[PDB]
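Heads up: the sequence shown runs through residues 2 to 191, 194 to 456, numbered per PDB author numbering. Written out below as structure tokens is the structure these notes cover.
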Amino acid sequence: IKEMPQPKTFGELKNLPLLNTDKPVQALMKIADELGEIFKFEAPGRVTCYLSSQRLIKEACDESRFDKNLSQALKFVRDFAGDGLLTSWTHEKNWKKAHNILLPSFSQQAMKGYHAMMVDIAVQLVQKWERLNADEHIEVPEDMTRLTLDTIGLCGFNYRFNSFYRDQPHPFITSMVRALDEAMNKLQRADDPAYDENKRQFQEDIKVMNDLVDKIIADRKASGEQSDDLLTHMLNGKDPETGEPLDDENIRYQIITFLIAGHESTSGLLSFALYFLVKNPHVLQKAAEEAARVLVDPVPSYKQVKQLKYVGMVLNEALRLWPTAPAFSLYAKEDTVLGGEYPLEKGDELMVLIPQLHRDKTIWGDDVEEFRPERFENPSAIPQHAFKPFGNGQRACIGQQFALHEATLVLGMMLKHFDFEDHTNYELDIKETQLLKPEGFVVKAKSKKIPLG
Ligand code: HEM
Ligand SMILES: NCCc1c[nH]c2ccc(O)cc12
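Here it is as structure tokens:
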């Protein structure tokens, strides 16, 4: 029945120059504000359409009709994350095999085994802030990223990146960041010899990542040690379907994937949650009151983290306004009609624009830009597929429980131990890589002088 709107075009380049910008997701959100719930986005060689309403995304989330697509962004990241969970297609044998093997390591129950390692890193964060001098401040996303990288290293392969001991990045990290950057940069360009150097550097970075991870795996098998880490489960697990274990090359890709998937996504969430708390002091007060009520011991237990309900609402309200992995891609499994109005062909692509979904006034009411964690008080009232910050169905985030347990523990501890001051009246500036984060967000903390165990 209807023709899809489309944003402004640039002759032969179609819509491509619209993503030639430091902040493409935020540019796409303004397009959606103008064009509405669905728009066609064309590039040379390719077309996708971006969805922004709960009414159409609830249909895109029908797994009988649509499966996960590798967006052009993920295709580029697949050049180094290979067939790990995030960059594999659903129909590749290593997807279902690794998904079956790793699901038991990522459940709510499994979080009891990672809890003590998470605490070890959260205590390092608290001690860093306790030890600042009166005149100093905190570089919020920088310190969040030290906690989240350390927590994934320790829980994922018993490796200490010791990020609180340094300001220079780990070699793996240098190459990872630079490969992510190149993958991001390729979205925009239009094979010229001007890129011979980008190409050589990318190859060099892929080799550094593979060499360093292949050695962690070799070391582990050579030593025989059993930890409560992901690497142990991968080396010992068998997929109950095929009966097969993962091989070493696939294990290497799962480890690279954990670092690409489970680190800056969670540090972004912690940084946005802090930003909203300091911009909303009544919400900060209510969250700090819960942390004081619940965290009655020198360090938090697993069960006490589960009891930080309001802190959990705070994190979901940050994920509502700024989901840190802001889009995911799908393809039509068969010809079908979306919303009774937009016929799609088998293989056609869709993009779910999560921050715009989360602004659907028909779901959230008119106060959609307000930070109000109490929206999440009776979650059964939320319609299906309205709130999707960890994606969809069997291709949802396998790390969801991990990220929320880490973020709830850390933000609980921060709220127990410090008062916070937005001393610069910081203006939100969201920096975009594949993921979102507040850039330049700084605060001052004033210790409540409560001892740690
Ligand atoms: C607040 C933090 C996080 C957010 C918002 C988040 C978001 C998401 C989203 C939106 C997807 C689906 C992407 C797609 O459909 O293309 C996804 C997939 C995934 N995430 Fe996360 N994630 C976070 C934390 C983590 C953590 C901590 C880990 C690992 C420890 C992780 C590991 C993965 C993996 C491996 C997948 C692919 C799962 C599969 O397809 O089988 N994530 N994530
Ligand atoms: N698991 C949250 C990270 C995440 C989801 N989708 C992604 C796509 C590319 C990327 O580098 C990272 C991601």
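Positions of the beta carbon are idealized from the N, C-alpha and C atoms, including for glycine.
Worksheet item: Is the stretch 162-180 touching the stretch 283-297 in the sense that three or more CB pairs, one from each, lie closer than 8 Å?
Response: no
Discussion item. Bridge partners for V48 per DSSP, in chain order?
Written reply: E43
Item to complete: From the DSSP output, read off the bridge partner residues of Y345.
Response: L341
Practice prompt. Throw me the rounded Cβ distance for the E43 and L57 pair, which I believe falls under 8 Å.
Written response: About 19 Å separates the two Cβ atoms, so there is no contact after all.
Worksheet item: In the DSSP assignment, what are the bridge partners of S54?
Response: Per DSSP, none; premise fails for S54.
Discussion item. Taking 9 Å as the threshold (C-beta atoms), are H116 and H408 in contact?
Written reply: yes
Worksheet item: Terminal residues of the continuous alpha helix (DSSP H) containing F107?
Response: No alpha helix (DSSP H) contains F107, which DSSP labels as neither H nor E.
Worksheet item: If we count the other Cβ atoms within 10 Å of its Cβ and call it buried at 16 or more, is residue 192 buried or exposed?
Response: Because the chain is numbered from 191 directly to 194, the model contains no atoms for residue 192.
Worksheet item: Should the stretch 298-311 be regarded as contacting the stretch 352-359, the criterion being three or more beta carbon pairs within less than 8 Å?
Response: no
Worksheet entry | Beta-carbon spacing of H361, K336 below 9 Å | no
Discussion item. Using a Cβ-Cβ cutoff of less than 6 Å, which residues in the same chain neighbour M119 once the five nearest sequence positions on both sides are dropped?
Written reply: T152, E409, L412
Fill in: Alpha-carbon spacing of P346 relative to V216, whole angstroms
45 Å
Fill in: Nearest candidate by alpha-carbon position, reference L17, set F107, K187, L71
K187
Practice prompt. Look up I385 in the DSSP assignment and say whether it is helix, strand or coil.
Written response: coil
Practice prompt. Would you kindly check if the distance between the Cβ of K9 and the Cβ of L19 is under 9 Å?
Written response: yes
Worksheet item: Count the other CB atoms within 10 Å of the CB of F423; is the residue buried (16 or more) or exposed (fewer)?
Response: buried
Worksheet item: Taking C-alpha atoms, which residue in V78, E60, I102, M145 lies nearest to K440?
Response: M145
Worksheet entry | Cα-Cα separation between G85 and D136, rounded to whole angstroms | 45 Å
Worksheet item: Between which two residues does the alpha helix (DSSP H) harbouring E320 extend?
Response: 312-324
Worksheet entry | Delimiting residues of the beta strand (DSSP E) encompassing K440 | 439-441
Worksheet item: Can you tell me the Cα-Cα spacing of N21 and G394, whole angstroms?
Response: 26 Å
Worksheet item: Are the stretch 25-38 and the stretch 308-321 in contact at 8 Å, needing three or more beta carbon pairs?
Response: no
Practice prompt. Please check the pair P142 and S274, which I expect to be a contact at CB under 8 Å, by giving their CB distance rounded to whole angstroms.
Written response: 4 Å
Worksheet item: Do you know whose CA, among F11, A28, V317, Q7, lies nearest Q359's CA?
Response: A28
Worksheet item: So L249 is in the beta strand (DSSP E); what residue range does that whole segment cover?
Response: Careful: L249 lies outside any beta strand (DSSP E) and carries neither H nor E.
Item to complete: Could you say which of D231, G271, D68 lies nearest to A321 if we only look at CA atoms?
Response: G271
Worksheet entry | Per-residue burial, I401 [other beta carbons within 10 Å of its own, 16 or more giving buried] | buried
Worksheet entry | heavy atom of ligand 2 below 8 Å from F331 C-beta | yes
Item to complete: Could you please give the first and the last residue of the uninterrupted beta strand (DSSP E) stretch that includes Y334?
Response: 330-335
Worksheet item: Got a sec, what are the start and stop residues for the beta strand (DSSP E) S450 sits in?
Response: 445-450
Worksheet item: What do you get for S89, buried or exposed, if any count of 16 or more other CB atoms within 10 angstroms of its CB means buried?
Response: buried
Worksheet item: Can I139 and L148 be called in contact, C-beta distance under 9 Å?
Response: no
Fill in: Inter-residue spacing [alpha-carbon to alpha-carbon] between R79 and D208
14 Å
Worksheet entry | Own chain partners of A82 with C-beta closer than 7 Å, once the 5 adjacent residues on each side are dropped | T88, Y256, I259, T260, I263
Discussion item. Let me check one thing: in DSSP terms, what residues is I433 bridge-paired to?
Written reply: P441
Discussion item. Let me confirm a value: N253 is counted as buried when at least 16 other C-beta atoms fall within 10 Å, else exposed. Which label applies?
Written reply: buried
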